[PDB]
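Text of query-v5.csv (CSV, C-alpha atoms and all ligand atoms) as supplied:
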chain,number,residue,atom,x,y,z
A,2,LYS,CA,122.5,83.8,73.0
A,3,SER,CA,124.9,84.7,75.9
A,4,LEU,CA,124.2,87.8,78.0
A,5,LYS,CA,127.9,88.7,78.5
A,6,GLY,CA,128.7,92.3,77.8
A,7,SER,CA,125.0,93.3,77.1
A,8,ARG,CA,123.1,96.1,78.7
A,9,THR,CA,120.4,93.5,79.6
A,10,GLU,CA,123.0,91.7,81.8
A,11,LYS,CA,123.5,94.8,83.9
A,12,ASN,CA,119.8,95.6,83.9
A,13,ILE,CA,119.1,92.1,85.3
A,14,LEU,CA,121.6,92.6,88.1
A,15,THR,CA,120.2,96.1,88.8
A,16,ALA,CA,116.7,94.7,89.1
A,17,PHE,CA,118.0,91.9,91.3
A,18,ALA,CA,119.7,94.4,93.5
A,19,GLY,CA,116.6,96.5,93.8
A,20,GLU,CA,114.2,93.6,94.4
A,21,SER,CA,116.6,92.3,97.1
A,22,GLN,CA,116.4,95.6,98.9
A,23,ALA,CA,112.6,95.8,98.5
A,24,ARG,CA,112.3,92.4,100.1
A,25,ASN,CA,114.1,93.6,103.2
A,26,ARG,CA,112.2,96.9,103.3
A,27,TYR,CA,108.9,95.2,103.0
A,28,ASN,CA,109.7,92.8,105.8
A,29,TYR,CA,110.7,95.7,108.1
A,30,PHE,CA,107.5,97.6,107.2
A,31,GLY,CA,105.6,94.4,108.0
A,32,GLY,CA,107.2,94.3,111.5
A,33,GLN,CA,106.2,98.0,112.0
A,34,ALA,CA,102.6,97.3,110.8
A,35,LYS,CA,102.5,94.7,113.5
A,36,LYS,CA,103.6,97.2,116.1
A,37,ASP,CA,101.0,99.7,114.7
A,38,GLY,CA,98.2,97.2,115.2
A,39,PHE,CA,97.5,96.3,111.6
A,40,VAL,CA,97.8,92.6,111.3
A,41,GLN,CA,96.3,92.1,107.8
A,42,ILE,CA,98.6,94.9,106.5
A,43,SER,CA,101.6,93.3,108.3
A,44,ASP,CA,100.9,90.0,106.6
A,45,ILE,CA,100.5,91.8,103.2
A,46,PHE,CA,103.9,93.4,103.6
A,47,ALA,CA,105.4,90.0,104.5
A,48,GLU,CA,103.8,88.3,101.5
A,49,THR,CA,104.9,91.0,99.1
A,50,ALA,CA,108.5,90.6,100.4
A,51,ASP,CA,108.2,86.9,99.7
A,52,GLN,CA,107.0,87.6,96.2
A,53,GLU,CA,109.9,90.1,95.6
A,54,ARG,CA,112.1,87.2,96.7
A,55,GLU,CA,110.7,85.2,93.8
A,56,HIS,CA,111.0,87.9,91.2
A,57,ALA,CA,114.6,88.2,92.3
A,58,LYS,CA,115.1,84.5,92.0
A,59,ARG,CA,113.8,84.4,88.4
A,60,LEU,CA,116.2,87.3,87.6
A,61,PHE,CA,119.1,85.8,89.4
A,62,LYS,CA,118.8,82.5,87.5
A,63,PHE,CA,119.3,84.3,84.2
A,64,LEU,CA,122.8,85.5,85.2
A,65,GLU,CA,125.8,83.5,84.1
A,66,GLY,CA,128.4,84.1,86.9
A,67,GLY,CA,131.2,86.6,87.8
A,68,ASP,CA,131.2,89.9,89.5
A,69,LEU,CA,129.5,92.8,87.7
A,70,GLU,CA,129.5,96.5,88.6
A,71,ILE,CA,126.3,98.5,88.5
A,72,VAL,CA,125.4,102.1,89.0
A,73,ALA,CA,122.0,102.7,90.6
A,74,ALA,CA,120.0,104.7,93.1
A,75,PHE,CA,118.0,103.2,95.9
A,76,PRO,CA,115.9,104.4,98.9
A,77,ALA,CA,118.3,105.3,101.7
A,78,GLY,CA,115.9,104.5,104.5
A,79,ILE,CA,113.6,104.8,106.2
A,80,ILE,CA,111.1,103.1,108.5
A,81,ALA,CA,108.3,105.3,109.6
A,82,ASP,CA,104.6,104.8,110.6
A,83,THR,CA,102.6,102.3,108.6
A,84,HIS,CA,100.8,104.9,106.5
A,85,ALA,CA,104.1,106.5,105.5
A,86,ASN,CA,105.6,103.1,104.7
A,87,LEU,CA,102.7,102.1,102.5
A,88,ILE,CA,103.0,105.4,100.6
A,89,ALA,CA,106.8,104.9,100.1
A,90,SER,CA,106.2,101.2,99.1
A,91,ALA,CA,103.6,102.2,96.5
A,92,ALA,CA,106.0,104.8,95.1
A,93,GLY,CA,108.7,102.1,94.7
A,94,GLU,CA,106.3,99.7,93.0
A,95,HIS,CA,105.2,102.6,90.7
A,96,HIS,CA,108.8,103.2,89.6
A,97,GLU,CA,109.2,99.5,88.9
A,98,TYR,CA,106.2,98.9,86.7
A,99,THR,CA,106.1,102.3,85.0
A,100,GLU,CA,109.8,103.0,84.5
A,101,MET,CA,112.3,100.2,85.3
A,102,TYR,CA,110.7,97.1,84.0
A,103,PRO,CA,109.2,98.5,80.8
A,104,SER,CA,112.6,100.2,80.0
A,105,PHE,CA,114.5,97.0,80.8
A,106,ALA,CA,112.1,94.9,78.7
A,107,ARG,CA,112.4,97.3,75.7
A,108,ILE,CA,116.2,97.1,75.8
A,109,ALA,CA,116.1,93.3,76.2
A,110,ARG,CA,114.0,93.2,73.0
A,111,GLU,CA,116.4,95.5,71.3
A,112,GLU,CA,119.3,93.3,72.1
A,113,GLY,CA,117.5,90.1,71.1
A,114,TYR,CA,116.6,88.7,74.5
A,115,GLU,CA,113.0,88.0,73.9
A,116,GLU,CA,112.4,85.5,76.8
A,117,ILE,CA,114.0,87.9,79.3
A,118,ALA,CA,112.0,90.8,77.9
A,119,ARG,CA,108.8,88.9,78.4
A,120,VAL,CA,109.7,88.1,82.0
A,121,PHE,CA,110.5,91.8,82.7
A,122,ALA,CA,107.1,92.7,81.3
A,123,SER,CA,105.3,90.0,83.3
A,124,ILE,CA,106.9,91.0,86.6
A,125,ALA,CA,105.7,94.5,85.9
A,126,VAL,CA,102.1,93.2,86.0
A,127,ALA,CA,102.7,91.8,89.5
A,128,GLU,CA,104.2,95.1,90.7
A,129,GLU,CA,101.1,97.1,89.5
A,130,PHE,CA,98.9,95.0,91.8
A,131,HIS,CA,101.4,95.4,94.6
A,132,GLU,CA,101.1,99.1,94.2
A,133,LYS,CA,97.3,98.8,94.2
A,134,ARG,CA,97.3,97.0,97.5
A,135,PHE,CA,99.6,99.4,99.2
A,136,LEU,CA,97.6,102.4,97.9
A,137,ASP,CA,94.3,100.9,99.0
A,138,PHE,CA,95.6,100.1,102.5
A,139,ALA,CA,97.1,103.6,102.8
A,140,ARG,CA,93.8,105.1,101.9
A,141,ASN,CA,92.0,102.9,104.4
A,142,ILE,CA,94.3,104.2,107.1
A,143,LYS,CA,93.9,107.8,106.1
A,144,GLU,CA,90.1,107.6,106.0
A,145,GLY,CA,89.9,105.6,109.2
A,146,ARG,CA,88.3,102.7,107.3
A,147,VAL,CA,90.6,99.9,108.4
A,148,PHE,CA,88.4,98.6,111.2
A,149,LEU,CA,85.2,100.5,110.6
A,150,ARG,CA,82.8,100.8,107.6
A,151,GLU,CA,79.7,102.8,106.7
A,152,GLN,CA,77.4,99.7,106.4
A,153,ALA,CA,77.4,96.5,108.4
A,154,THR,CA,79.6,93.8,106.9
A,155,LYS,CA,81.5,90.7,108.0
A,156,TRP,CA,84.9,90.8,109.7
A,157,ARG,CA,87.2,87.9,110.3
A,158,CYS,CA,89.7,87.4,113.0
A,159,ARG,CA,93.0,86.3,111.3
A,160,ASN,CA,94.2,84.7,114.5
A,161,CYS,CA,91.3,82.2,115.1
A,162,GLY,CA,88.8,82.6,112.2
A,163,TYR,CA,86.0,84.1,114.3
A,164,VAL,CA,83.5,86.0,112.1
A,165,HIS,CA,81.9,89.2,113.5
A,166,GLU,CA,78.9,90.9,111.9
A,167,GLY,CA,78.7,94.7,112.2
A,168,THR,CA,79.9,98.1,111.0
A,169,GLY,CA,83.2,97.5,112.6
A,170,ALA,CA,85.7,95.0,114.1
A,171,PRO,CA,85.3,94.4,117.8
A,172,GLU,CA,87.9,95.7,120.3
A,173,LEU,CA,88.5,92.1,121.4
A,174,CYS,CA,87.8,88.8,119.6
A,175,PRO,CA,85.1,87.0,121.6
A,176,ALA,CA,86.7,83.7,120.7
A,177,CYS,CA,90.5,84.1,121.1
A,178,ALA,CA,90.6,87.4,123.0
A,179,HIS,CA,93.1,88.9,120.6
A,180,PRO,CA,92.8,92.6,119.9
A,181,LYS,CA,91.0,94.4,117.0
A,182,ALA,CA,94.3,94.5,115.2
A,183,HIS,CA,93.8,91.0,114.0
A,184,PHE,CA,90.5,91.6,112.1
A,185,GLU,CA,90.0,92.0,108.4
A,186,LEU,CA,87.0,92.2,106.0
A,187,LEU,CA,85.9,88.6,105.4
A,188,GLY,CA,87.1,87.6,102.0
A,189,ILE,CA,86.1,84.8,99.7
A,190,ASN,CA,88.2,84.3,96.6
A,191,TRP,CA,87.1,80.8,95.4
B,2,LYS,CA,84.3,80.0,140.5
B,3,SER,CA,86.7,77.1,140.3
B,4,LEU,CA,86.3,74.5,137.5
B,5,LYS,CA,87.5,71.6,139.6
B,6,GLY,CA,85.2,68.6,139.5
B,7,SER,CA,82.8,70.2,137.0
B,8,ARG,CA,81.7,68.6,133.7
B,9,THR,CA,82.9,71.8,132.0
B,10,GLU,CA,86.5,71.1,133.2
B,11,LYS,CA,86.5,67.8,131.3
B,12,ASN,CA,84.7,69.3,128.3
B,13,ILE,CA,87.4,72.0,128.0
B,14,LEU,CA,90.1,69.3,128.1
B,15,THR,CA,88.1,67.2,125.6
B,16,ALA,CA,87.9,70.2,123.2
B,17,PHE,CA,91.6,70.9,123.7
B,18,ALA,CA,92.4,67.3,122.8
B,19,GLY,CA,90.2,67.3,119.7
B,20,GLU,CA,91.5,70.7,118.5
B,21,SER,CA,95.1,69.6,119.1
B,22,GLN,CA,94.5,66.6,116.8
B,23,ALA,CA,92.7,68.7,114.2
B,24,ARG,CA,95.8,71.0,114.1
B,25,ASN,CA,98.0,68.0,113.1
B,26,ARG,CA,95.4,66.6,110.7
B,27,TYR,CA,95.0,69.9,108.9
B,28,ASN,CA,98.8,70.4,108.6
B,29,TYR,CA,99.1,66.9,107.1
B,30,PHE,CA,96.3,67.6,104.7
B,31,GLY,CA,98.0,70.9,103.8
B,32,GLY,CA,101.1,68.9,102.8
B,33,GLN,CA,99.1,66.5,100.7
B,34,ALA,CA,97.3,69.4,99.0
B,35,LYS,CA,100.8,70.7,98.0
B,36,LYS,CA,101.6,67.3,96.5
B,37,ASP,CA,98.2,67.3,94.7
B,38,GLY,CA,99.0,70.7,93.1
B,39,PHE,CA,96.6,72.9,95.1
B,40,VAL,CA,98.7,75.7,96.6
B,41,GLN,CA,95.8,78.0,97.8
B,42,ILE,CA,94.1,75.0,99.4
B,43,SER,CA,97.3,73.9,101.0
B,44,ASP,CA,97.8,77.3,102.6
B,45,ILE,CA,94.1,77.3,103.7
B,46,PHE,CA,94.7,74.0,105.5
B,47,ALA,CA,97.8,75.4,107.1
B,48,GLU,CA,96.0,78.6,108.2
B,49,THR,CA,93.1,76.6,109.6
B,50,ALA,CA,95.6,74.4,111.6
B,51,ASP,CA,97.1,77.6,113.0
B,52,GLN,CA,93.7,78.9,114.0
B,53,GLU,CA,92.9,75.5,115.7
B,54,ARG,CA,96.1,76.1,117.6
B,55,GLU,CA,94.6,79.4,118.9
B,56,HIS,CA,91.2,77.9,119.8
B,57,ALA,CA,93.2,75.3,121.7
B,58,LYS,CA,95.3,77.9,123.5
B,59,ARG,CA,92.2,79.8,124.7
B,60,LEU,CA,90.8,76.5,126.0
B,61,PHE,CA,94.1,75.4,127.5
B,62,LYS,CA,94.4,78.7,129.5
B,63,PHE,CA,91.2,78.1,131.3
B,64,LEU,CA,92.5,74.9,132.9
B,65,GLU,CA,93.9,75.0,136.4
B,66,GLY,CA,96.5,72.2,136.5
B,67,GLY,CA,96.7,68.5,137.2
B,68,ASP,CA,96.1,65.4,135.1
B,69,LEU,CA,92.6,64.7,134.0
B,70,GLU,CA,91.1,61.6,132.4
B,71,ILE,CA,88.7,62.0,129.4
B,72,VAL,CA,86.7,59.5,127.3
B,73,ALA,CA,86.3,60.6,123.7
B,74,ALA,CA,86.2,59.4,120.1
B,75,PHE,CA,88.5,60.8,117.4
B,76,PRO,CA,89.3,60.2,113.7
B,77,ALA,CA,91.7,57.3,113.5
B,78,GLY,CA,93.3,58.4,110.3
B,79,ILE,CA,93.6,59.0,107.5
B,80,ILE,CA,95.4,61.0,104.8
B,81,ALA,CA,93.8,60.5,101.4
B,82,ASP,CA,93.5,62.7,98.3
B,83,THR,CA,92.8,66.4,98.8
B,84,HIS,CA,89.1,66.2,97.9
B,85,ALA,CA,88.7,63.4,100.4
B,86,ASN,CA,90.6,65.3,103.0
B,87,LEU,CA,88.5,68.4,102.5
B,88,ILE,CA,85.3,66.3,102.9
B,89,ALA,CA,86.6,64.7,106.1
B,90,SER,CA,87.7,68.1,107.5
B,91,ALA,CA,84.3,69.7,106.8
B,92,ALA,CA,82.7,66.8,108.6
B,93,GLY,CA,84.9,67.4,111.6
B,94,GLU,CA,84.1,71.1,111.6
B,95,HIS,CA,80.4,70.3,111.3
B,96,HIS,CA,80.5,68.1,114.4
B,97,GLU,CA,82.3,70.8,116.3
B,98,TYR,CA,79.9,73.7,115.6
B,99,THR,CA,76.7,71.7,115.5
B,100,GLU,CA,77.3,69.3,118.3
B,101,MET,CA,80.3,69.6,120.5
B,102,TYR,CA,80.6,73.4,121.1
B,103,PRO,CA,76.9,74.1,121.5
B,104,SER,CA,76.5,71.2,123.9
B,105,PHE,CA,79.6,72.3,125.9
B,106,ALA,CA,78.4,75.9,126.0
B,107,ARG,CA,75.0,74.8,127.3
B,108,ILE,CA,76.5,72.7,130.0
B,109,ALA,CA,78.9,75.6,130.9
B,110,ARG,CA,75.9,77.9,131.3
B,111,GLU,CA,74.2,75.2,133.4
B,112,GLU,CA,77.1,75.0,135.8
B,113,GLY,CA,77.5,78.8,136.0
B,114,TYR,CA,80.5,79.3,133.8
B,115,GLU,CA,79.2,82.1,131.6
B,116,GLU,CA,82.5,83.4,130.2
B,117,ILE,CA,83.6,79.9,129.2
B,118,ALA,CA,80.2,79.2,127.7
B,119,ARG,CA,80.5,82.4,125.6
B,120,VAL,CA,83.9,81.3,124.3
B,121,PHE,CA,82.6,77.9,123.3
B,122,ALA,CA,79.8,79.6,121.4
B,123,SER,CA,82.2,82.0,119.8
B,124,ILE,CA,84.6,79.3,118.7
B,125,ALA,CA,81.6,77.6,117.0
B,126,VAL,CA,81.2,80.6,114.7
B,127,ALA,CA,84.8,80.3,113.5
B,128,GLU,CA,84.3,76.5,112.9
B,129,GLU,CA,81.2,77.1,110.7
B,130,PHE,CA,83.3,79.3,108.4
B,131,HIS,CA,86.1,76.7,108.4
B,132,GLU,CA,83.5,74.1,107.2
B,133,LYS,CA,82.3,76.5,104.5
B,134,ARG,CA,85.8,77.0,103.1
B,135,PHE,CA,86.5,73.2,103.1
B,136,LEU,CA,83.1,72.4,101.4
B,137,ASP,CA,83.5,75.2,98.9
B,138,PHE,CA,87.0,74.0,97.9
B,139,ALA,CA,85.9,70.3,97.8
B,140,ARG,CA,83.1,71.4,95.4
B,141,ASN,CA,85.6,73.3,93.2
B,142,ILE,CA,87.7,70.2,92.9
B,143,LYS,CA,84.7,68.0,92.2
B,144,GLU,CA,83.4,70.4,89.5
B,145,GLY,CA,86.8,71.0,88.0
B,146,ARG,CA,86.5,74.7,88.8
B,147,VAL,CA,89.7,75.2,90.8
B,148,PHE,CA,91.7,76.6,87.9
B,149,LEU,CA,89.0,77.1,85.2
B,150,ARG,CA,85.8,79.2,85.2
B,151,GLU,CA,82.9,79.8,82.8
B,152,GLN,CA,83.6,83.5,82.2
B,153,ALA,CA,87.0,85.3,82.0
B,154,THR,CA,88.2,86.6,85.4
B,155,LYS,CA,91.4,87.5,87.2
B,156,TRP,CA,93.9,84.9,88.6
B,157,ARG,CA,96.8,85.7,90.9
B,158,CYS,CA,100.0,83.7,91.2
B,159,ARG,CA,100.5,83.2,95.0
B,160,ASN,CA,104.3,82.7,94.4
B,161,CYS,CA,105.0,86.1,92.8
B,162,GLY,CA,101.8,88.1,92.5
B,163,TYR,CA,101.4,87.9,88.7
B,164,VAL,CA,97.9,88.6,87.6
B,165,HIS,CA,96.5,86.6,84.7
B,166,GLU,CA,93.2,87.6,82.9
B,167,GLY,CA,91.3,84.7,81.3
B,168,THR,CA,88.8,81.9,81.9
B,169,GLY,CA,91.6,79.9,83.6
B,170,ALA,CA,95.0,80.0,85.2
B,171,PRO,CA,97.9,79.4,82.9
B,172,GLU,CA,100.0,76.2,82.9
B,173,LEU,CA,103.0,78.3,83.9
B,174,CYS,CA,103.3,81.7,85.5
B,175,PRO,CA,104.9,84.0,82.8
B,176,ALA,CA,106.7,85.9,85.6
B,177,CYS,CA,108.1,83.3,88.0
B,178,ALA,CA,107.7,80.2,85.8
B,179,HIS,CA,105.9,78.3,88.6
B,180,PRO,CA,103.1,75.8,87.7
B,181,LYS,CA,99.4,76.4,87.6
B,182,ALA,CA,99.2,75.0,91.1
B,183,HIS,CA,100.1,78.4,92.5
B,184,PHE,CA,97.2,80.3,91.1
B,185,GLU,CA,94.0,81.5,92.8
B,186,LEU,CA,91.1,83.8,92.0
B,187,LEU,CA,92.3,87.3,92.6
B,188,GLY,CA,90.8,88.4,95.9
B,189,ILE,CA,90.3,91.9,97.3
B,190,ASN,CA,89.2,92.0,100.9
B,191,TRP,CA,89.8,95.6,101.9
C,201,FE,FE,109.6,94.4,92.8
C,202,FE,FE,106.6,94.5,94.0
C,203,FE,FE,90.0,85.4,117.2
C,204,FE,FE,88.2,73.3,115.9
C,205,FE,FE,87.9,74.5,112.8
C,206,FE,FE,104.3,83.7,89.5
Before anything else, please render the file you have as C-alpha cells.
Amino acid sequence: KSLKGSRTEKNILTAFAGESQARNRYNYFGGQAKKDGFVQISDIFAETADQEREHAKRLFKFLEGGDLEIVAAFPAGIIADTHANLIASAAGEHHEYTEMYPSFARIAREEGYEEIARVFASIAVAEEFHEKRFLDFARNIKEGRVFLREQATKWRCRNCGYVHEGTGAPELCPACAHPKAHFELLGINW
Amino acid sequence: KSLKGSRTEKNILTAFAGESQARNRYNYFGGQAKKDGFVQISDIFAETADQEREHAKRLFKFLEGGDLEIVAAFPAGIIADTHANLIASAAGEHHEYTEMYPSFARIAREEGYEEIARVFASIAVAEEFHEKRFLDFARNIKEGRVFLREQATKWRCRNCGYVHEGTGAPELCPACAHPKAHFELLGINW
C-alpha cells in the first residue's frame, strides 16, 4: 500500500535525514583520525560513512516524491579529538539501534508496512556492530593499546602490506618508510 | 654512495617496472572479481594494487635520474576467471619474495648498499603475505567455501555492515538488498 500520510513515511525521511548527517560526520571524523595518526581508525570512519550512505539509499528509495516536513533533533557539532569522536559516534549508533530503528519498525508493522519494518530492523543490526567498532577503538586509545599489546603479535602496514612481529608496531615501516600510524593488527577474515 | 653504474641501480628499476605492471594487473583482476561476484576478493585485489604502488614509490625514490635500459621478462597477459587470476597472482608474488627480492637484496649488500638491501628484504615480507591471501582465496573458491562454511558463523555485508548469523551468507542482504557477493566473514582485527 501507499505510504502517503502515514507516520512511517515521515519516519523514513527522518531516518534518511539522520543517516545523511551521520555520513558527513563520520567522514569528518575520518579526516581527523588521519591527522591524529590513526590510519586504521580513519579508514573505519570512512567505511562506516559509506555504509550510512547505503542505509540512506535503501530508505530514500522507499519514498514516493514531494516535499515533507519533519521535526527532529540532531547533533549540532562537533569535531574533537579522535577518542571523543569515537565516543560521540558510538552514542549516535546506540540511539539508532536501541531507540530509533526499533521504534520505527514497530510503527511500520502497526501501519501494515511489513517489508519496511523488516528493513528498519535489519539496519539496526548493522548499527549495533558500528557501535561495537567505535567503542572498541575508543577503548584501545584510552588504554594505549592501539599500537602496543601485552604479548608479541603480528602488525600489518596498511600502506604497503609489510608484516611486523612484536609487542608493538614500529615507529617507521621498514618497507615503505611510512609512520607507525599506518599499522594495524594483522587480520585474517577468510 | 651513488648508485650510478651499479647492478643495484638496474635491479631497482627492474623491480619498479615489475611492480608497476603488477599494480595494473591486480586492478584489472579486481574488476573481474567484481564481475564474478566476489566483492571482498575484488577489494583485496584493489588494496594489493595500491600497496604495489607504494613498494614502487619507495623503489622509484632511490633512483637518481636519466634513462636506463633493462632486460626482464614479464607476464604477457592475461585476464581470466577470478580463481585463475588468484593463482597467477600468487605465482607472481612467489617469484618476488623467493627469487627477485632476495637476490636483489644480496647483490645490494655485495655492492655496499645496505639501506636499499634492507628495503628489498622488507618488501619481500609484504609479498609473502600477499601470496598467502591470494592462495587462501583461491582455495576458498575451489572448495566452494567463499560464502558457505561447515559450522554457523558471522557474515558481514561489506556494502552496509549488516551482520548475518548462519552457515552461509544470504542470497540478498536484508538491510541493503545487495547480493550475496558483498558478504565476507565478520572480521575483528583490533
Ligand atoms: Fe545509521
Ligand atoms: Fe551506523
Ligand atoms: Fe609499509
Ligand atoms: Fe610486488
Ligand atoms: Fe605483492
Ligand atoms: Fe547490506
Quick one: residues within 8 Å of stretch 179-183 of chain A, all atoms listed in the file counted, chain neighbours fewer than 5 positions away excluded, as a ChimeraX atom specification?
/A:38-41,148,158-160,170-174
Just how far from atom CA of residue B:175 is atom CA of residue A:123, in Å to one decimal?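 Computing the Euclidean distance for atom CA of residue A:123 and atom CA of residue B:175 yields 6.0 Å.
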Option closest in space to ligand FE 201 (chain C), from B:17, B:163, B:27, B:105 [counting only C-alpha atoms and all ligand atoms]:
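Once distances to ligand FE 201 (chain C) are computed over only C-alpha atoms and all ligand atoms, the minimum belongs to B:163.
Reported to one decimal place, the separation of atom CA of residue B:135 from atom CA of residue B:122 is 20.5 Å.
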Expressed in Å, the length from atom CA of residue B:91 to atom CA of residue B:28 is 14.6 Å
Give me the residues of chain B that have any atom at most 8 Å from an atom of ligand FE 205 (chain C); for each, the nearest atom pair and the distance in Å, rounded to one decimal. Use all atoms listed in the file, sort by chain and number, and format it as JSON lines.
{"residue": "B:20", "atom": "CA", "partner": "C:FE205", "partner_atom": "FE", "distance": 7.7}
{"residue": "B:23", "atom": "CA", "partner": "C:FE205", "partner_atom": "FE", "distance": 7.7}
{"residue": "B:49", "atom": "CA", "partner": "C:FE205", "partner_atom": "FE", "distance": 6.5}
{"residue": "B:50", "atom": "CA", "partner": "C:FE205", "partner_atom": "FE", "distance": 7.8}
{"residue": "B:52", "atom": "CA", "partner": "C:FE205", "partner_atom": "FE", "distance": 7.4}
{"residue": "B:53", "atom": "CA", "partner": "C:FE205", "partner_atom": "FE", "distance": 5.9}
{"residue": "B:93", "atom": "CA", "partner": "C:FE205", "partner_atom": "FE", "distance": 7.8}
{"residue": "B:94", "atom": "CA", "partner": "C:FE205", "partner_atom": "FE", "distance": 5.2}
{"residue": "B:97", "atom": "CA", "partner": "C:FE205", "partner_atom": "FE", "distance": 7.6}
{"residue": "B:127", "atom": "CA", "partner": "C:FE205", "partner_atom": "FE", "distance": 6.6}
{"residue": "B:128", "atom": "CA", "partner": "C:FE205", "partner_atom": "FE", "distance": 4.1}
{"residue": "B:129", "atom": "CA", "partner": "C:FE205", "partner_atom": "FE", "distance": 7.5}
{"residue": "B:130", "atom": "CA", "partner": "C:FE205", "partner_atom": "FE", "distance": 8.0}
{"residue": "B:131", "atom": "CA", "partner": "C:FE205", "partner_atom": "FE", "distance": 5.2}
{"residue": "B:132", "atom": "CA", "partner": "C:FE205", "partner_atom": "FE", "distance": 7.1}
Give me a file of those residues, with C-alpha atoms, as a PDB file, in the coordinates of the input.
ATOM      1  CA  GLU B  20      91.500  70.700 118.500  1.00  0.00           C
ATOM      2  CA  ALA B  23      92.700  68.700 114.200  1.00  0.00           C
ATOM      3  CA  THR B  49      93.100  76.600 109.600  1.00  0.00           C
ATOM      4  CA  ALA B  50      95.600  74.400 111.600  1.00  0.00           C
ATOM      5  CA  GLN B  52      93.700  78.900 114.000  1.00  0.00           C
ATOM      6  CA  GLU B  53      92.900  75.500 115.700  1.00  0.00           C
ATOM      7  CA  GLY B  93      84.900  67.400 111.600  1.00  0.00           C
ATOM      8  CA  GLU B  94      84.100  71.100 111.600  1.00  0.00           C
ATOM      9  CA  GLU B  97      82.300  70.800 116.300  1.00  0.00           C
ATOM     10  CA  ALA B 127      84.800  80.300 113.500  1.00  0.00           C
ATOM     11  CA  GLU B 128      84.300  76.500 112.900  1.00  0.00           C
ATOM     12  CA  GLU B 129      81.200  77.100 110.700  1.00  0.00           C
ATOM     13  CA  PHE B 130      83.300  79.300 108.400  1.00  0.00           C
ATOM     14  CA  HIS B 131      86.100  76.700 108.400  1.00  0.00           C
ATOM     15  CA  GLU B 132      83.500  74.100 107.200  1.00  0.00           C
TER      16      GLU B 132
END
Judged by all atoms listed in the file, the minimum distance to ligand FE 201 (chain C) among A:33, A:83, A:7, A:90 is found for A:90
Margin query: Excluding residue A:64 and its own-chain neighbours fewer than 3 positions away, which residues fall within 12 Å of it when counting only C-alpha atoms? Please give them as a ChimeraX atom specification.
Written below: /A:3-7,9-17,57-61,67-69,117
For chain B, the closest of A:56, A:106, A:116, A:145 counting all atoms listed in the file is A:56
My structure is short of atoms at stretch 59-70 of chain A; please model N, CA, C and O atoms there, returning them as a JSON list (two decimals), in the coordinates of the input.
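Produced file out-v8.json, reproduced below:
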[["chain", "number", "residue", "atom", "x", "y", "z"],
["A", 59, "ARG", "N", 113.97, 84.57, 89.87],
["A", 59, "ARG", "CA", 113.80, 84.40, 88.40],
["A", 59, "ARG", "C", 114.92, 85.19, 87.72],
["A", 59, "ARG", "O", 115.55, 84.71, 86.78],
["A", 60, "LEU", "N", 115.13, 86.42, 88.18],
["A", 60, "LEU", "CA", 116.20, 87.30, 87.60],
["A", 60, "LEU", "C", 117.55, 86.73, 87.83],
["A", 60, "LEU", "O", 118.37, 86.68, 86.91],
["A", 61, "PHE", "N", 117.81, 86.31, 89.06],
["A", 61, "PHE", "CA", 119.10, 85.80, 89.40],
["A", 61, "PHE", "C", 119.49, 84.56, 88.59],
["A", 61, "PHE", "O", 120.64, 84.42, 88.20],
["A", 62, "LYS", "N", 118.52, 83.70, 88.31],
["A", 62, "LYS", "CA", 118.80, 82.50, 87.50],
["A", 62, "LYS", "C", 119.19, 82.75, 86.07],
["A", 62, "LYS", "O", 119.72, 81.86, 85.41],
["A", 63, "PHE", "N", 118.94, 83.96, 85.57],
["A", 63, "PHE", "CA", 119.30, 84.30, 84.20],
["A", 63, "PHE", "C", 120.79, 84.61, 84.09],
["A", 63, "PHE", "O", 121.40, 84.42, 83.03],
["A", 64, "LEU", "N", 121.38, 85.10, 85.18],
["A", 64, "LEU", "CA", 122.80, 85.50, 85.20],
["A", 64, "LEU", "C", 123.72, 84.28, 84.99],
["A", 64, "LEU", "O", 123.38, 83.16, 85.35],
["A", 65, "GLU", "N", 124.89, 84.54, 84.42],
["A", 65, "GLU", "CA", 125.80, 83.50, 84.10],
["A", 65, "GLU", "C", 127.17, 83.48, 84.89],
["A", 65, "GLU", "O", 128.16, 82.94, 84.41],
["A", 66, "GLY", "N", 127.20, 84.10, 86.07],
["A", 66, "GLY", "CA", 128.40, 84.10, 86.90],
["A", 66, "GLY", "C", 129.33, 85.32, 86.75],
["A", 66, "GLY", "O", 129.24, 86.11, 85.81],
["A", 67, "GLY", "N", 130.22, 85.46, 87.73],
["A", 67, "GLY", "CA", 131.20, 86.60, 87.80],
["A", 67, "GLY", "C", 130.64, 87.78, 88.48],
["A", 67, "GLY", "O", 129.44, 87.91, 88.71],
["A", 68, "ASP", "N", 131.55, 88.68, 88.85],
["A", 68, "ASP", "CA", 131.20, 89.90, 89.50],
["A", 68, "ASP", "C", 130.92, 91.00, 88.51],
["A", 68, "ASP", "O", 131.70, 91.18, 87.57],
["A", 69, "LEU", "N", 129.82, 91.73, 88.67],
["A", 69, "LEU", "CA", 129.50, 92.80, 87.70],
["A", 69, "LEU", "C", 129.18, 94.09, 88.49],
["A", 69, "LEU", "O", 128.46, 94.09, 89.50],
["A", 70, "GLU", "N", 129.74, 95.18, 88.00],
["A", 70, "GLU", "CA", 129.50, 96.50, 88.60],
["A", 70, "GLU", "C", 128.30, 97.17, 88.06],
["A", 70, "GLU", "O", 128.06, 97.16, 86.86]]
